[PDB]
There are 2 protein chains.
Amino acid sequence: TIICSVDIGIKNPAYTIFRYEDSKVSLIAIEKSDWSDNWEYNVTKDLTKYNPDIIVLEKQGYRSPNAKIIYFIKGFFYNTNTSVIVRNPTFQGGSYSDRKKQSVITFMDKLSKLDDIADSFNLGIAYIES
Amino acid sequence: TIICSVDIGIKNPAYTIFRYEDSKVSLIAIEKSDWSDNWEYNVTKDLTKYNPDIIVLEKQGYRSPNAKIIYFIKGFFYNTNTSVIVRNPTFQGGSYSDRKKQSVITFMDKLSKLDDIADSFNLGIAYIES
Ligand SMILES: [Mg+2]
Ligand SMILES: [Mg+2]
């Protein structure tokens, strides 16, 4: 099963591709992108590039400029082999920059503008552990 | 070509189906629905029911929680033989009451609570003037 956990953003989107076979997780790819222009074309292209079995997203809120993107993805993959799972922020508390720092920290510690890739990565891990 | 102009709503979604052959428009159906529960399920079921070639919707306004339905539809019909057009409100200006009232009135004359079906009706007609 191929997991595509993405950290939704307009100009700063990012997603990490994992492979989960036999309780053995493996980082297949990591990529930054740009959905500031022609988001619809790029959103489908980027998320279908690796044919994920599961796409993980973070809850956005109707007042967010990212909300349109989360609902497009749900509709696009609705009734297909890919299942879209939406979660809550991996990190919560302190200030905005506080969560963005421990996210990047946790990220580089696990490998062995980074906050977008860090988030996407950490989001997949938080999901996989379930 | 089958055109499905929809008047998005949670409890009062309505949509009219127009056939358009030889520069001759004709009513095929007019339906009220309910998207209070499992809107994803009902939205897809209702809009594909009459196999439209085009879906016409109207902008829901900045930071509107019902925009989720608009993007879900764009994403669902993305890259299929179904075009999704989003138009601006058909009746603008004045009070909400007058806009609904002008829709119902206008809808009653051309046809030869009713604001949802009329709104959806007038939306299709407006799109056709294109
Ligand atoms: Mg980000
Ligand atoms: Mg209505």
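In listed order, ligands and their atoms are each counted from 1. Because only heavy atoms are used, hydrogens play no part in the values below, and waters and symmetry mates are left out as well, while side chains stay in. Below, chains carry the letters A, B, ... as their sequence lines are ordered, and counting in each starts from 1.
B:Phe91 forms part of no hydrophobic cluster, judged by ILVMFWY side-chain heavy-atom separations under 4.5 Å.
Checked against B:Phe72 for a ring pair (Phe, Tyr, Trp, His ring centres under 6.0 Å), the options A:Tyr71, A:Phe77, A:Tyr78 give a single hit: A:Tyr78.
Every residue meeting the side chain to side chain donor-acceptor pair (under 3.5 Å) condition with A:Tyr41, not counting sequence neighbours, appears here in chain and number order: A:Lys45. Residues meeting the side chain to side chain donor-acceptor pair (under 3.5 Å) test with A:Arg19, sequence neighbours left out: A:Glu21.
Between the side chains of A:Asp46 and A:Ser33, a donor-acceptor pair is found at a separation under 3.5 Å.
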Show the numbers, then the answer: is there a side chain to side chain donor-acceptor pair (under 3.5 Å) between B:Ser64 and B:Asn66?
CA-CA 5 Å; B:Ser64 175; B:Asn66 285 182; 5.4 Å; no
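Around the Mg ion (ligand 2), protein atoms of type N, O or S found under 2.8 Å number 2.
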